[PDB]
């Protein structure tokens, strides 16, 4: 067992309304959990609890080891595209190239004369939203970790590109890794080992895509 929430309730403000209410799930090592729900349902807050930024008022949580987190808000720091993806982690060509490919960034990088040394975040190149999202995803996926928290990482991508990168990066490249992906898309829920749909803090549904189809 890699991540567990048991009867978890939590509050961002003392005596407010709970941001998560009696949440339950388990992820085995190497599995994919899809977390879905409308805006404000508590999805990012659930990731924050796993990262220790939010403590439960009721219930138990299990998770061990290092986390790589991909924010739903993409970001770039001043430096090359290679520096932004590596982001202080030791460099390996094969690992770097495999992440770039899985995130469809090889196409973008090949078009620049400076290739992977193109400078970002310093007033020169202004990236598209989708480029910034794929760079942010690549940064999180390059980091070696026991648990990957990917919070709606496909911002600004058209539905086919999102599908292709979900398959190449989240399903294939990351096949052996424990993953929590905040996402609403049907194919992602169908491919996940477990799905958790949140609504206003509560568990709207928890189970498999097949179980939901059975209903």
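Rigid core (definition): largest C-alpha set, two forms, superposition within 1.5 Å. Residue numbers count along the first chain shown, from 1.
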### Message
Given a rigid core fit, name the stretch, 69-77 or 117-125, whose C-alphas are on average farther from the form shown here in 7 other deposited structures of this protein.
### Response
117-125
### Query
Taking the recorded C-alpha temperature factors, which stretch has the higher mean, 109-117 or 138-146?
109-117
### Query
Do the CA atoms of 199-207 or those of 7-15 have the higher mean B-factor in the entry?
7-15
### Top residue by Cα temperature factor, when 66, 188, 43, 179 are compared in the entry
66
### Message
Sorting 167, 151, 55, 158 by Cα temperature factor from the record, which one lands on top?
### Response
55
### Message
Which third, lowest, middle or highest, does the C-alpha temperature factor of residue 183 belong to within its own chain?
### Response
lowest
### residue 39 by Cα B-factor - lowest, middle or highest third of the modelled chain
middle
### Query
When the modelled residues of the chain are sorted by Cα temperature factor, does residue 125 land in the lowest, middle or highest third?
highest
### Message
Among the modelled residues of this chain, does the Cα B factor of residue 171 put it in the lowest, middle or highest third?
### Response
middle
### Task
Would you please rank residue 90 by its C-alpha temperature factor against the other modelled residues of its chain and give the third it falls in: lowest, middle or highest?
highest
